[PDB]
Each structure stands twice: as structure tokens, then as C-alpha cells.
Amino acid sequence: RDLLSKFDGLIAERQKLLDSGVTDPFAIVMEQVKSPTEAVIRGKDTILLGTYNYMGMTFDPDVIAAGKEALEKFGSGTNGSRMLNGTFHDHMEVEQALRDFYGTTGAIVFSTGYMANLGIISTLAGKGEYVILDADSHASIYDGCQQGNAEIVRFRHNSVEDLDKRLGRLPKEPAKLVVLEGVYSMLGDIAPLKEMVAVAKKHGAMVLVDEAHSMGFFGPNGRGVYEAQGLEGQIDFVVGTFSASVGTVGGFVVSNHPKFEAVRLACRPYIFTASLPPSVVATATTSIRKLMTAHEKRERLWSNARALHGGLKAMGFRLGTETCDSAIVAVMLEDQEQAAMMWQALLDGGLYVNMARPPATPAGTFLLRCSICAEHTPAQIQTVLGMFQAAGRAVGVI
């Protein structure tokens, strides 16, 4: 035995999957990527329906031009932390783009979304304080709790009552952070933020909302579920990513708190890593600014989401949501095996979707996560729906 013996279970789970005849779902390679919606996988032209490119920004000509120009003018990397030599023109620009996008005085960019959550949660809530989070919070949120020294309180997913009951039992004086997501990434449901935030404030807690899966397509300015639900000015901190709608890599937190800049001085995952390459922050700047007025894309996104959700529901699939609440549609299957055969059939027929099992999914569920984007065509959506009906019938799901 050595330090890797602990992986023998995972190794066996993967091998069972291979031996059953399934392609390794964790080893897919996009050999070519033609557009936000099309790739080539093992020589097969394939529709992509398992990405977070909600607004199809990764091939935008202005975004690409900005990335090429930044490479030319500032090089391939910064070779330093933001706190030392790693803040270039474009890092300042992207933080201002966020201030403009969210209408906040404060914006701090991190090198990944994972690190934004890891850092913000572990830095804000210290020893003798509390972090109160939804059961279905992203892994990075749980990891931030593990990194910090605060008391952790989990409440039942989307339960306003359970949040209220668990908060009410805590001592009043210690400071508290309630952590919520606008759109939950596994099932594609939304949080009842209006009601949750009222409960948080009643118990004197600050509120952080993760709007990674809503950017550009919820609320009048595209700021997120919090904005759609009328909570402008009541959310202490909003966390997001550059990897989804924005189409690059990186994380961020925005706020109107007057002391928010001091987070830079204290936050280890901000301090102890190199800043993002100039091309990454330049592409992100251009993309964020275009997202402020991307009305046509937003309308195509919602039309595509409604088409997919409605179509899969009508044909008999059990979905994660009863109504079309986001750009993620989760098809729920009975077991690992049924999910795998479904996934394989779609893949072999020219459609890529995400297959998920826990820890990435809520315990016990086995699902296919489909996500649409603004650049899927009506023809592609009709193709996807047909592929799902045929595969669902063949595997015996519907």
C-alpha cells in the first residue's frame, strides 16, 4: 500500500464502466472545435450540448481580436501575483468592466472561479463565525468552507423554512455569511432568493450569491437571478466566473461594501498565485462589455432553452425542473447504467452531453446535463430533440 491505494475504488468503478462497453466519459477530446455548438470527437462531427458557453462568446470576432492584440502587445503571461508585478493594463480594465456590468463600486478578479469561492468564503468568515450554505452548493463553495475556520451549517436544498430554522438556532452575536446560488449547476433550478434573503437579513446575516450560471440572461441588465427577483442593493457579495458566458477563464467577486478593497490584502488565493495572462483578461473585458447589450443572443438562448426543456418533457423524460427556469436541462435517469447507455447512444449518434454522478450531483442522482447556448440554430435543436427521442426509446427510458 502507498498514498494512491486509496484510489483503488475509483479505478475499479472506471474500469467496470469501460468493460461494460462504454467510452470513457472522463477522457473525451475535442480534436477540433468549429464553433460554440460543433466539435469533432474521434473523427465524428458532433453537436455540443454539454458546455457553459451560454452566450456563445468564445468565437466572437471582437473578443478574438482583443485576445490576439493583447498577446502581441503584452505577451503570453504576467509572471507574477497581482500584489507584485502581475497587474497590467488589462487586469485593471477587466475589473472596471465588472464594476460597469454589475453597477458596483467593488470588483476583485481571481485566477479561477474555484479560487474566488475558495478565497472569499475562507477569508470573510473566520473562527467563531458561521457559514450557512445550501446543500446543493457547488464543490468550490464547500471547499472554501473546508479551507476556512468558521462553523459550517448546511440547509435543505431550496428550503426557506430550513434556512430560517437553522439560522434561528445559532447564537445572535457572531457574524454570519449565508451562501446561495442563483442557478444551481446540476439540476438547472433557481433559488428563491427573494425569500431566502429576507430570512438571512432577519437573522442579521450577510449574503453571498453565486451567479455563474445566469450572467447576461437574467435581470434587466443581465446581472443574475438576484437582479431578476428585485434584490438590487440587498446582496452583499456576488461571485461569478469568466469561464461560462464570458468565455475565457477566471473568477470574480463584486460588492458595494466600502471596505471591499481590503479583501485583496487578506485573501490567500488572490495573493499567492500568478495573475491571468493579458489575453485572458483582454478577451474577458471585451466579452463582458458586449454582454451588457447582447439582446439578440439573450432572446435566442431563452427560445432554445424553452424548446429543449418543453420537448424533452413532452416526450416523457423526468427532468430536474418542472418548468424551464434556466439554460441547463437535466435529464434524470434511474442508475449509473441507464445514464451511461443513454450517453453512449447520443455520443455515437453525434451529440455530446454531460453525464454526472455524485459528488458533482445531488446524492443518489444519475443525470445527463444538457445546456443550450445562444448560438444553437433551430435546425440543431430539432436534430437534438429527435436524437433524444430515438435514444430514449432505444434504451427504454421513455
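Note that residue numbering begins at 1 and tracks the sequence as displayed.
Per-stretch averaging of Cα B factors for 63-71 and 357-365 places 357-365 on top. Look at the C-alpha B-factors of 335-343 and of 348-356. On average they run higher in 335-343. The maximum CA B-factor among the listed residues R289, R166, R306, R268, taken from the PDB record, is found at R166. In the deposited entry, the Cα temperature factor of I41 places it in the middle third of its chain's modelled residues.
Annotation for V29: CA B-factor lies in the lowest third of the chain's modelled residues. Among all modelled residues in this chain, the alpha-carbon of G182 has a temperature factor (C-alpha) in the middle third. Among the modelled residues of the chain, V131 sits in the middle third by CA temperature factor in this PDB entry.
The deposited CA B-factor of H89 belongs to the lowest third of values across its chain.
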